[PDB]
Amino acid sequence: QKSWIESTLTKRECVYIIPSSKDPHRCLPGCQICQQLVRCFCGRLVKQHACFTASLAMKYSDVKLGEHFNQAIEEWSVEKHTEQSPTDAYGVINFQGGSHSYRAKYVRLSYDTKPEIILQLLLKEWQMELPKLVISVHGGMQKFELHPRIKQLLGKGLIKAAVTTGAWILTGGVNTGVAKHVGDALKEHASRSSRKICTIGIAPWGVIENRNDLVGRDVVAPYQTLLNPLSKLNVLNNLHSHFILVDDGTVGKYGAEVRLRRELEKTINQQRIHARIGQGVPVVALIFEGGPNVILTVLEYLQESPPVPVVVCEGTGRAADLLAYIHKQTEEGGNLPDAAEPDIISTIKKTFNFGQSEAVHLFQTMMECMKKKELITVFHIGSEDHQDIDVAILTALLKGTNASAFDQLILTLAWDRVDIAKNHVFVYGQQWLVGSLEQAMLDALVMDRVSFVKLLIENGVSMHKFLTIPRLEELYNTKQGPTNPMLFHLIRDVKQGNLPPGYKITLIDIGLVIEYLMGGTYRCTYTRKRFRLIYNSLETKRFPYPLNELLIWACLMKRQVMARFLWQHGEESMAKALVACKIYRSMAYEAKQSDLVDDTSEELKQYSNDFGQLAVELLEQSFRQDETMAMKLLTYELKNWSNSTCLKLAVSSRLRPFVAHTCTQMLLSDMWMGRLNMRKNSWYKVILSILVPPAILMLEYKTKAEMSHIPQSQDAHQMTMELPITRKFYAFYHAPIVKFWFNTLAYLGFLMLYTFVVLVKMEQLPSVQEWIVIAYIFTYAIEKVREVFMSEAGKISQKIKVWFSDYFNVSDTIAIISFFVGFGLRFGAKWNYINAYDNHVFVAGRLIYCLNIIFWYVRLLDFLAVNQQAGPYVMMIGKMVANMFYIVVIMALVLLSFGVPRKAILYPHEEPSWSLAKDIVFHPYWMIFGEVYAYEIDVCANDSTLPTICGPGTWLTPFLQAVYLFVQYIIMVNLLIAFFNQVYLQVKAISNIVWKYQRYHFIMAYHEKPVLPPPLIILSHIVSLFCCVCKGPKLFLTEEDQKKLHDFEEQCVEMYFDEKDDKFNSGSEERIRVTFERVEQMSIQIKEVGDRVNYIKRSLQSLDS
Amino acid sequence: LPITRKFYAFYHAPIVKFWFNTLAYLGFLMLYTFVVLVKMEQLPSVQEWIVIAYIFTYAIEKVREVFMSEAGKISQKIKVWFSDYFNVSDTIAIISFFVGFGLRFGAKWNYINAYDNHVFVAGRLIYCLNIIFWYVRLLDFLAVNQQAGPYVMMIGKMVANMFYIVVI
Amino acid sequence: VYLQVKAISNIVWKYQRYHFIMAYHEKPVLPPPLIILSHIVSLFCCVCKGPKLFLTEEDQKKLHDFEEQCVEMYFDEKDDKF
Amino acid sequence: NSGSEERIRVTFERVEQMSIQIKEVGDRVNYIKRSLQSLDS
Ligand SMILES: CCCCCCCC/C=C/CCCCCCCC(=O)O[C@@H](COC(=O)CCCCCCCCCCCCCCC)COP(=O)([O-])OCC[N+](C)(C)C
Ligand SMILES: CCCCCCCC/C=C/CCCCCCCC(=O)O[C@@H](COC(=O)CCCCCCCCCCCCCCC)COP(=O)([O-])OCC[N+](C)(C)C
Ligand SMILES: CCCCCCCC/C=C/CCCCCCCC(=O)O[C@@H](COC(=O)CCCCCCCCCCCCCCC)COP(=O)([O-])OCC[N+](C)(C)C
Ligand SMILES: CCCCCCCC/C=C\CCCCCCCC(=O)O[C@@H](COC(=O)CCCCCCCCCCCCCCC)COP(=O)([O-])OCC[N+](C)(C)C
Ligand SMILES: CCCCCCCC/C=C\CCCCCCCC(=O)O[C@@H](COC(=O)CCCCCCCCCCCCCCC)COP(=O)([O-])OCC[N+](C)(C)C
Ligand SMILES: CCCCCCCC/C=C\CCCCCCCC(=O)O[C@@H](COC(=O)CCCCCCCCCCCCCCC)COP(=O)([O-])OCC[N+](C)(C)C
Ligand SMILES: CCCCCCCC/C=C\CCCCCCCC(=O)O[C@@H](COC(=O)CCCCCCCCCCCCCCC)COP(=O)([O-])OCC[N+](C)(C)C
Ligand SMILES: CCCCCCCC/C=C\CCCCCCCC(=O)O[C@@H](COC(=O)CCCCCCCCCCCCCCC)COP(=O)([O-])OCC[N+](C)(C)C
Ligand SMILES: CCCCCCCC/C=C\CCCCCCCC(=O)O[C@@H](COC(=O)CCCCCCCCCCCCCCC)COP(=O)([O-])OCC[N+](C)(C)C
Ligand SMILES: CCCCCCCC/C=C\CCCCCCCC(=O)O[C@@H](COC(=O)CCCCCCCCCCCCCCC)COP(=O)([O-])OCC[N+](C)(C)C
Ligand SMILES: CCCCCCCC/C=C\CCCCCCCC(=O)O[C@@H](COC(=O)CCCCCCCCCCCCCCC)COP(=O)([O-])OCC[N+](C)(C)C
Ligand SMILES: CCCCCCCC/C=C\CCCCCCCC(=O)O[C@@H](COC(=O)CCCCCCCCCCCCCCC)COP(=O)([O-])OCC[N+](C)(C)C
């Protein structure tokens, strides 16, 4: 039946008839009134049962004999006469009301339903997730009433306490009592608002009026919400979400749940509270207006299986408030003022008519309650003690169970209540044995609760002695808490795509993940030789810089709020932020690449750009203090980060606001010059000094002091250590600015010669010009091979895919390959000697050169793209050409729309021919450029140049061409121009940042090239080869300076953090909504005082009364 | 996932029916371009028959998607379909083709010169103008792409609303 | 015109995908020269003798549950921001 | 002097002396009422 409720759980049927209150009366013949009102000790009529076996008494007489000795009549028991016979009330209520529906669920069941299946109904069947708190509400069972202040404050606190701990409120489920007032408070407070306070009412079935409506299988239970006061029995309060209804087998009887309700709570405080945490779910109990049984059940908690605290509030009603009285006037041991029982027994007889000897018993038991007042909690709502019932509720479960302060934190940690922990658990004079703090931190980190981590870090914890290898290895490999599906995929690939089905994660295999995420030739400290051994082998396992290893964790597991927090702590702030940007950015790519079950990449994209801006804002700060030191920060080896550099890391992430920041730019300019002081020299003096070397010794060079911030080579460092002449030439020819204008001049002289060769005739053998051309291209090629093999990546297949990912490197490959095809044909041809251009192998060779040369003119746009003013226009041209594809397809369609009808009308006797392919494109294309072929349009006109193709239909071709040019020349060309106009505006908006970012790869290229240009470069290769066969820039800082840099780090690391808060406090509209927050305490307190001012003035005249 | 079910999954996907009609339509224009550019003898060539077959069945295809439309009133199945630019153009392109075929085919061939019989010429010249309809129908295939379609929308709005500048 | 269309071009393209895609959900699987066989077979079928989301009741039920849950969460939200 | 948002942040400056002094008076109003019953004690 797929209805586990129907199957395992069951109802109760009165299957026997025992006349109750059988008092024969009106309407003289017996049977009629013996058939009118003969109730049973079950509670129903014999005619209201009928029950397929109780109908057998409607017809004859009550299911028994006649008189049927009254020694035997009394003997009902649901144990004896009641058959179970599955439930018929497992529907769902649709409580009608406000602009919503207050939907809720229910079930019928017996008072002896097992405590485990009722759990297997709440959690398994109803999907309801196990709580971290229960609020067992035990107050008034009649329609009690309260005043406005308590109506709001008590409401918020009870609600909020359930919000924080995801609690399960428990009531009777009946809107005569607590449930009415419990449920109400949820209504106004908007607890529903993107939120649920799980709320349950254990009621009995028989009473709830319109129970017969709820009868039936799974249905939208049309509970009618009639507030008709004729139905005393009850109206189910329409806010409680769930209604377990004890079908004990009685109707009109009461108290079917009193044990079950408790047993459910007993087997709610008997399961774990999030397995990382080991504790039973704590259970508070509250008291509203309340009766003499409501105080009685307080004695069923204080002296009960694991002691259940009590949160009697102050000011509610008769019970909840009176228990404050006996609390207040009586000592910690419940020591009464001896005239208490001589004047409280008036209070009982004042509040109740419970009696006198009865009342004596009440206070006596009520002190038997108050024998232990370390465990109850009077919420003094007047005088504002705990300032919401909440803080008293939660505190009440952290005091009176002889629990340890670790056992007190660990619960607060589970609840998301730091405020409870900092204010109560972290109280003056506390014990905290040895690793309690440490065990909480392994719990707080895996559970992703920064606010407790933050607190613990302030309250004695140190990450230095707490990051051991088993521990942090644990902290990686936990699916408890916010879990990443991506890391398990990342470990898959690096582990050959082979998982042991269990596969505990090591620190080692993670190191290969980072080396894949950071890319290039990064080497994590988890894959090194020393670490890899001591790991297997395993005091020394305390990780010299732990806050570096946790920042990796928080980012590999998408725990941003932990990452961003931990980043604040420790040192190497700017570096950690540029790694994080790289880690997230790569995972944000591998999501979009792997494209599996995984998702959530734009979330990672945002996380990278979050840390990216942090590194930029630290650069700003550090640069506004000392420009020179900031440059040194961009270039010191890190040594915890694979001996990399903060700049190098930011280029890997393509983090442009950092590379386009004026600090890097001023440094990029200083590496461009080398030891040349170009603020004093000029680029025309560099060109002159290349062509006239003696001017090299006339230029203004630099010292060591104004070169100390610049990353230098081993040589450029050393040659300055030990300003003579030979060192003045070494400074010039090794500067990147010189290697540019020395390759540029050779390249321009290359094109001048190569232009001369294609324009001047070729005899059999090459001329000196053509040999010098071939020499350039040959060595230029070797130069390009080297800068692939000597790239930065390590995998040759990735050294390759990056280099071929640039336009001008692809073009050079084609230009170099196409040249030697041409040389091979030009040179390997058998010369004719009657005419050069009769041998078609020689011609093909020459014609490849004359097209080859176009590649080499266009390579000059790459030299021009170096200039700040020209480069934006080279970017445009590429974006224009790349993205105009679809306009040009339309243009080619419009073209054939015209070219095919024209050729068909004008040339109607054409066999198939290759000319037909030319003649449908040729003239229509030159029209695009405004050539209308004026004397060819009308071919039958007297001034025609085509008088012979006059014939039938040819008069159609002017009309065709008139339409064509309007569409082509006016619409389509200016649509393309309109596109290009928007490209222009887009590029100019971004052109300067992109130019600044591309200076890096540019300048670093001309820091690695040889000092000789491509014809003479071969000597530099030779010398730089037989060196290696026989046998880059680093900021060299002495320890005295290396020290002060770290001092300049921390000082600027510091001043940044302080600043952000200070500006952020001020705000603009923040301040206005901080005002509005303050508009309440005024209005409340202008009503506080304004409430008393009427209380003041009544006094004054009463004192003069 | 057996074999016959793997073919049923492919040829019944909309992406396949697009790139299968698109390739036939492009092969249609390649042939129909070949027919107008190459001379016509008395009877059609295999190329021209394959052209006529396309256009004939292409028409029946358009009849069906009117009668098998979503509306119920035939007079509203009609006014909606003719409310699209390329369905109006196809109607003209289909009607104008068979006027041309009827003249091209129903003409009395001359045998001294094809282009002396003016009924044959009118037929050929309708085809050579008819073909413009079929190049322009390709803008509807291109309008499927996110990048090209905005430029087809422009051209229509440009042409529709430039009336008064062109009168001046 | 250019600037006007580009401001609205992406919404209109997205709206026109519907009639486009639904067209090529109803067409025959054979293209217009060979389509005649598809007409013939799809005619003598009718002479002799569209897309629906088929949900089993177990799933059809949970959809209505996904309705109301999201129907609910919407109404609560609007007020709270407002 | 007049300003536009200046005035709003001159208000916010004044939101404190009110809140302090609404707590000044509001501190005493509890000190007042305890008196009255203590004078009638
Ligand atoms: C990752 C790297 C990035 C950078 C890219 C770098 C890679 C660049 C890659 C470049 C590849 C270039 C390929 C050239 C192929 C030539 C084909 C050809 O047409 O041959 C012709 C000559 O063939 C001969 O062998 C005779 C000519 C002398 C050799 C000159 C070509 C080799 C130079 C190579 C220098 C390599 C340069 C690179 C050096 C490093 C064949 O025709 P024929 O014999 O004339 O015809 C005879 C007919 N007849 C008898 C009727 C007359
Ligand atoms: C605005 C200025 C225009 C005035 C407006 C009024 C329209 C005036 C039009 C009037 C139509 C009558 C003129 C043609 C009569 C035959 C004469 C002739 O020699 O024709 C020649 C061609 O042309 C033709 O054979 C037909 C041309 C029709 C074009 C008109 C289209 C509608 C114009 C808009 C309608 C207007 C209203 C709507 C506007 C919104 C014959 O051939 P051929 O080219 O010499 O050469 C071929 C070979 N041959 C030499 C061996 C023969
Ligand atoms: C809601 C719908 C949306 C979709 C739109 C769909 C609707 C599309 C509607 C299309 C309507 C097309 C109308 C064609 C009229 C031809 C007129 C003509 O010029 O005839 C000529 C031939 O006439 C003949 O009868 C002989 C040629 C054979 C018949 C070919 C045309 C019929 C094909 C129809 C296929 C219909 C296709 C549609 C099928 C579904 C008359 O001239 P002649 O005899 O050559 O001259 C003799 C002179 N001489 C003796 C001196 C030489
Ligand atoms: C690779 C590009 C780099 C930039 C440009 C480099 C070169 C710039 C330098 C000069 C450009 C011009 C070259 C000389 C042309 C000589 C002309 C000739 O054929 O014979 C002549 C003399 O010839 C000699 O005296 C032979 C010279 C030996 C080779 C010199 C190589 C030096 C450059 C090695 C490279 C390293 C240096 C650069 C390092 C940065 C006589 O003249 P002609 O014949 O009556 O006149 C020619 C006209 N004709 C064709 C119609 C007949
Ligand atoms: C002797 C003379 C005889 C020989 C003459 C030979 C003729 C000359 C032949 C060719 C021109 C010479 C240069 C090659 C073209 C540039 C490649 C390119 O775009 O690279 C770039 C992208 O790369 C890609 O996107 C890869 C796929 C290519 C894209 C499609 C266009 C090019 C294909 C061929 C179409 C034309 C057919 C030509 C091919 C047969 C890498 O550069 P980037 O800086 O990263 O910018 C890219 C940015 N983007 C990816 C976002 C867009
Ligand atoms: C990637 C590498 C690609 C290319 C590799 C190498 C390919 C090797 C290619 C060619 C080598 C073949 C040598 C000759 C073969 C026999 C023919 C012969 O000798 O003569 C014939 C030559 O006929 C021709 O067509 C010559 C031109 C062919 C080359 C076309 C360009 C290819 C490169 C494209 C650029 C690629 C750029 C790619 C860049 C990435 C005729 O000449 P004849 O004998 O004087 O005439 C006799 C007849 N007569 C009596 C009427 C006069
Ligand atoms: C034989 C004729 C050859 C000359 C051509 C004459 C025509 C006019 C030519 C060129 C004007 C540009 C030259 C002066 C630029 C100096 C400043 C500059 O822009 O610096 C840039 C570098 O320099 C470049 O990027 C310039 C590129 C040089 C190659 C030119 C090839 C194209 C011209 C070939 C002819 C093709 C057209 C057809 C005409 C025949 C920026 O670098 P930087 O490190 O920032 O610079 C210093 C630091 N600072 C600027 C920050 C302070
Ligand atoms: C002899 C004849 C005369 C010679 C002409 C003169 C030589 C030609 C002149 C200029 C050549 C192009 C300059 C490149 C500038 C750099 C661009 C670049 O780096 O990336 C661009 C791609 O790059 C491309 O798309 C390359 C262009 C394709 C090949 C050019 C064909 C030219 C003819 C075709 C026209 C004919 C069609 C109709 C003809 C019937 C970037 O594009 P993006 O993706 O939008 O941006 C990403 C940014 N990124 C750079 C960071 C990656
Ligand atoms: C409807 C459009 C759809 C797309 C394209 C479809 C067709 C693409 C297929 C091919 C394109 C070319 C067509 C054949 C041309 C033959 C040439 C000829 O006249 O005789 C020849 C052989 O001819 C035969 O053997 C007759 C073939 C019978 C008809 C075949 C129909 C198949 C397509 C049915 C449709 C369903 C398939 C597609 C389903 C998606 C010999 O050649 P020739 O005569 O020496 O040279 C001709 C040039 N001339 C005129 C100058 C002489
Ligand atoms: C073999 C060759 C020989 C024969 C050659 C024959 C020549 C070729 C003849 C014509 C071109 C072929 C296609 C027809 C034109 C498109 C119609 C149209 O605009 O439809 C659209 C509107 O429809 C209307 O608005 C209805 C009234 C027409 C508006 C005025 C312009 C067209 C009139 C005729 C003027 C030209 C005179 C030509 C007519 C005699 C429906 O499409 P839509 O997607 O809803 O877009 C509309 C949006 N709008 C309404 C807001 C704007
Ligand atoms: C909606 C339906 C519209 C059309 C329906 C069908 C209309 C039926 C139309 C024509 C059928 C008429 C058949 C021939 C009649 C007698 C004349 C004759 O035989 O020869 C004459 C033909 O003279 C011409 O002008 C022929 C061309 C007329 C058609 C013009 C296009 C109409 C369609 C527009 C497109 C519509 C697109 C609309 C799409 C929505 C002369 O030729 P000859 O005999 O060789 O010469 C003898 C003289 N000689 C000795 C000097 C050589
Ligand atoms: C052989 C000759 C060469 C062939 C040329 C190439 C073929 C021709 C090329 C392009 C053709 C048009 C592309 C249509 C694109 C779709 C547009 C569309 O759907 O609706 C548009 C209407 O549509 C029109 O107005 C249609 C254009 C009128 C007919 C074209 C005449 C061309 C010549 C005239 C010039 C000559 C004048 C002067 C001459 C002396 C929408 O317009 P809207 O109301 O603003 O927008 C509503 C939006 N809606 C779509 C949702 C409804």
# chains A, B, ... in the order shown; residues from 1 in each chain; ligands from 1
>>> residues_near_ligand(ligand="ligand 8", cutoff="9 Å", atoms="only C-alpha atoms and all ligand atoms", output="NGL selection string")
:A and (805-808 or 851 or 854-855 or 857-859 or 861-862 or 865 or 873-883 or 885 or 888 or 925 or 983 or 994)
>>> closest_atom_pairs(of="chain A", to="chain C", cutoff="8 Å", atoms="only C-alpha atoms", output="JSON lines")
{"residue": "A:100", "atom": "CA", "partner": "C:72", "partner_atom": "CA", "distance": 7.8}
{"residue": "A:192", "atom": "CA", "partner": "C:76", "partner_atom": "CA", "distance": 7.3}
{"residue": "A:193", "atom": "CA", "partner": "C:76", "partner_atom": "CA", "distance": 5.1}
{"residue": "A:194", "atom": "CA", "partner": "C:73", "partner_atom": "CA", "distance": 6.1}
{"residue": "A:975", "atom": "CA", "partner": "C:2", "partner_atom": "CA", "distance": 7.4}
{"residue": "A:978", "atom": "CA", "partner": "C:2", "partner_atom": "CA", "distance": 7.4}
>>> write_last_selection(atoms="N, CA, C and O atoms", output="PDB file, in the first residue's frame")
ATOM      1  N   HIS A 100      -2.572  33.459   2.602  1.00  0.00           N
ATOM      2  CA  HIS A 100      -1.743  32.267   2.607  1.00  0.00           C
ATOM      3  C   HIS A 100      -2.678  31.185   3.182  1.00  0.00           C
ATOM      4  O   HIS A 100      -3.885  31.422   3.293  1.00  0.00           O
ATOM      5  N   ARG A 192       7.661  32.784   9.478  1.00  0.00           N
ATOM      6  CA  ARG A 192       7.585  32.052   8.223  1.00  0.00           C
ATOM      7  C   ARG A 192       8.504  32.659   7.166  1.00  0.00           C
ATOM      8  O   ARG A 192       8.895  31.978   6.212  1.00  0.00           O
ATOM      9  N   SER A 193       8.849  33.943   7.310  1.00  0.00           N
ATOM     10  CA  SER A 193       9.482  34.684   6.222  1.00  0.00           C
ATOM     11  C   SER A 193      10.822  34.084   5.822  1.00  0.00           C
ATOM     12  O   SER A 193      11.825  34.258   6.524  1.00  0.00           O
ATOM     13  N   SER A 194      10.837  33.428   4.655  1.00  0.00           N
ATOM     14  CA  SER A 194      11.927  32.563   4.208  1.00  0.00           C
ATOM     15  C   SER A 194      12.493  31.741   5.357  1.00  0.00           C
ATOM     16  O   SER A 194      13.713  31.652   5.527  1.00  0.00           O
ATOM     17  N   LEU A 975      26.000  49.497 -42.053  1.00  0.00           N
ATOM     18  CA  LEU A 975      25.734  48.580 -40.961  1.00  0.00           C
ATOM     19  C   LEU A 975      27.016  47.982 -40.416  1.00  0.00           C
ATOM     20  O   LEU A 975      27.184  47.848 -39.203  1.00  0.00           O
ATOM     21  N   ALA A 978      28.703  50.875 -38.696  1.00  0.00           N
ATOM     22  CA  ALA A 978      28.087  51.026 -37.393  1.00  0.00           C
ATOM     23  C   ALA A 978      28.591  49.993 -36.397  1.00  0.00           C
ATOM     24  O   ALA A 978      28.753  50.298 -35.216  1.00  0.00           O
TER      25      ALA A 978
END
>>> residues_near_ligand(ligand="ligand 2", cutoff="7 Å", atoms="only C-alpha atoms and all ligand atoms", output="PyMOL selection string")
chain A and resi 940+950-955
>>> residues_near_ligand(ligand="ligand 9", cutoff="9 Å", atoms="only C-alpha atoms and all ligand atoms", output="mmCIF file with C-alpha atoms, in the first residue's frame")
data_model
loop_
_atom_site.group_PDB
_atom_site.id
_atom_site.type_symbol
_atom_site.label_atom_id
_atom_site.label_comp_id
_atom_site.auth_asym_id
_atom_site.auth_seq_id
_atom_site.Cartn_x
_atom_site.Cartn_y
_atom_site.Cartn_z
ATOM 1 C CA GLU A 911 28.167 26.326 -71.194
ATOM 2 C CA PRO A 912 29.563 25.425 -67.779
ATOM 3 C CA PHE B 20 19.146 18.243 -42.853
ATOM 4 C CA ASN B 21 16.743 20.724 -44.393
ATOM 5 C CA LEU B 23 21.875 21.132 -46.343
ATOM 6 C CA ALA B 24 19.161 20.194 -48.825
ATOM 7 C CA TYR B 25 18.211 23.845 -49.190
ATOM 8 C CA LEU B 26 21.821 24.787 -49.833
ATOM 9 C CA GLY B 27 22.117 21.972 -52.340
ATOM 10 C CA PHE B 28 18.887 23.208 -53.855
ATOM 11 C CA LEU B 29 20.335 26.673 -54.473
ATOM 12 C CA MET B 30 23.576 25.274 -55.852
ATOM 13 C CA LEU B 31 21.595 23.389 -58.470
ATOM 14 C CA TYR B 32 19.113 26.161 -59.101
ATOM 15 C CA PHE B 34 23.544 26.103 -61.942
ATOM 16 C CA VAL B 35 20.325 25.983 -63.983
ATOM 17 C CA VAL B 38 23.800 27.319 -67.781
ATOM 18 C CA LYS B 39 21.816 27.357 -71.010
ATOM 19 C CA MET B 40 18.412 25.750 -71.290
ATOM 20 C CA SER B 45 17.937 18.807 -67.215
ATOM 21 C CA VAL B 46 18.211 16.457 -64.258
ATOM 22 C CA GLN B 47 19.273 19.501 -62.263
ATOM 23 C CA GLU B 48 16.142 21.432 -63.206
ATOM 24 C CA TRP B 49 13.891 18.466 -62.450
ATOM 25 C CA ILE B 50 15.425 18.111 -58.985
ATOM 26 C CA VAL B 51 14.729 21.860 -58.560
ATOM 27 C CA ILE B 52 11.082 21.531 -59.565
ATOM 28 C CA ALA B 53 10.702 18.562 -57.223
ATOM 29 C CA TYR B 54 12.014 20.540 -54.275
ATOM 30 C CA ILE B 55 9.760 23.539 -54.976
ATOM 31 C CA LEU C 30 12.703 13.910 -44.448
ATOM 32 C CA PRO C 31 13.559 17.168 -46.270
ATOM 33 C CA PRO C 32 11.536 18.686 -49.095
ATOM 34 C CA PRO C 33 12.590 16.463 -52.011
ATOM 35 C CA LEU C 34 12.206 13.237 -50.024
ATOM 36 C CA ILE C 35 9.511 14.642 -47.684
#
>>> residues_near_ligand(ligand="ligand 4", cutoff="6 Å", atoms="only C-alpha atoms and all ligand atoms", output="ChimeraX atom specification")
/A:746,749-750,767-769,772-773,776,1013,1015-1016
>>> interface_residues(of="chain B", to="chain A", cutoff="8 Å", atoms="only C-alpha atoms", output="number ranges by chain")
B: 33, 36-39, 115, 121, 125, 128-129, 131-132, 135-136, 139, 147-148, 151, 155, 158
>>> closest_atom_pairs(of="chain D", to="chain A", cutoff="10 Å", atoms="only C-alpha atoms", output="tab-separated table")
residue	atom	partner	partner_atom	distance
D:5	CA	A:1068	CA	8.5
D:8	CA	A:1072	CA	7.7
D:9	CA	A:1071	CA	7.6
D:11	CA	A:1075	CA	8.8
D:12	CA	A:1075	CA	6.3
D:13	CA	A:1075	CA	9.7
D:14	CA	A:1075	CA	10.0
D:15	CA	A:1075	CA	6.9
D:16	CA	A:1078	CA	8.8
D:18	CA	A:1082	CA	7.9
D:19	CA	A:1082	CA	6.5
D:20	CA	A:1082	CA	9.9
D:21	CA	A:1082	CA	10.0
D:22	CA	A:1082	CA	6.8
D:23	CA	A:1085	CA	8.0
D:25	CA	A:1089	CA	7.7
D:26	CA	A:1089	CA	5.9
D:27	CA	A:1089	CA	9.2
D:28	CA	A:1089	CA	9.2
D:29	CA	A:1089	CA	6.2
D:30	CA	A:1092	CA	8.5
D:32	CA	A:1096	CA	8.0
D:33	CA	A:1096	CA	7.0
D:36	CA	A:1099	CA	7.1
D:37	CA	A:1099	CA	8.8
D:39	CA	A:1103	CA	9.2
D:40	CA	A:1103	CA	8.1
>>> residues_around(residues="residue B:119", least_positions_apart="6", cutoff="10 Å", atoms="only C-alpha atoms", output="list in words")
residues 100, 102, 103, 104, 105, 106, 107, 108 and 109 of chain B
>>> write_last_selection(atoms="C-alpha atoms", output="compact mmCIF listing (two decimals), in the first residue's frame")
# COMPACT_ATOMS: atom_id res chain seq x y z
CA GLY B 100 7.76 30.16 -65.27
CA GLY B 102 4.45 26.57 -67.43
CA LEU B 103 5.95 29.00 -69.93
CA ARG B 104 9.38 27.33 -70.09
CA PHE B 105 7.79 23.90 -70.57
CA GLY B 106 4.54 24.79 -72.34
CA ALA B 107 6.35 26.71 -75.09
CA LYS B 108 6.68 25.64 -78.72
CA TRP B 109 10.44 25.31 -79.22
>>> residues_near_ligand(ligand="ligand 11", cutoff="7 Å", atoms="only C-alpha atoms and all ligand atoms", output="list in words")
residues 91, 92, 93, 95, 96, 99, 116, 117, 118, 119 and 122 of chain B
>>> atom_distance(atom1="atom CA of residue A:43", atom2="atom CA of residue A:75")
14.4 Å
>>> closest_residue(among="C:53, C:5, C:22, C:46", to="ligand 12", atoms="only C-alpha atoms and all ligand atoms")
C:5
>>> closest_residue(among="A:625, A:190, A:899, A:915", to="ligand 12", atoms="only C-alpha atoms and all ligand atoms")
A:899
>>> interface_residues(of="chain C", to="chain B", cutoff="12 Å", atoms="only C-alpha atoms", output="VMD selection string")
chain C and resid 1 to 40 42 to 43 50
>>> residues_near_ligand(ligand="ligand 6", cutoff="9 Å", atoms="only C-alpha atoms and all ligand atoms", output="JSON, numbers by chain")
{"A": [811, 813, 814, 815, 816, 817, 818, 819, 820, 821, 822, 824, 825, 828, 829, 830, 831, 832, 837, 838, 839, 840, 841, 842, 843, 844, 845, 848]}
>>> residues_around(residues="stretch 413-428 of chain A", least_positions_apart="4", cutoff="10 Å", atoms="only C-alpha atoms", output="ChimeraX atom specification")
/A:131-133,161,163-167,273-274,276-277,391-392,394-395,398-399,404-409,432,440-441,443-444,447,449,451-456,459
>>> atom_distance(atom1="atom CA of residue A:1036", atom2="atom CA of residue A:720")
12.2 Å
>>> select_by_dssp(residues="chain D", states="helix (DSSP H, G or I)", output="PyMOL selection string")
chain D and resi 6-39
>>> residues_near_ligand(ligand="ligand 10", cutoff="6 Å", atoms="only C-alpha atoms and all ligand atoms", output="number ranges by chain")
B: 83-85, 88-89, 96, 126, 129-130
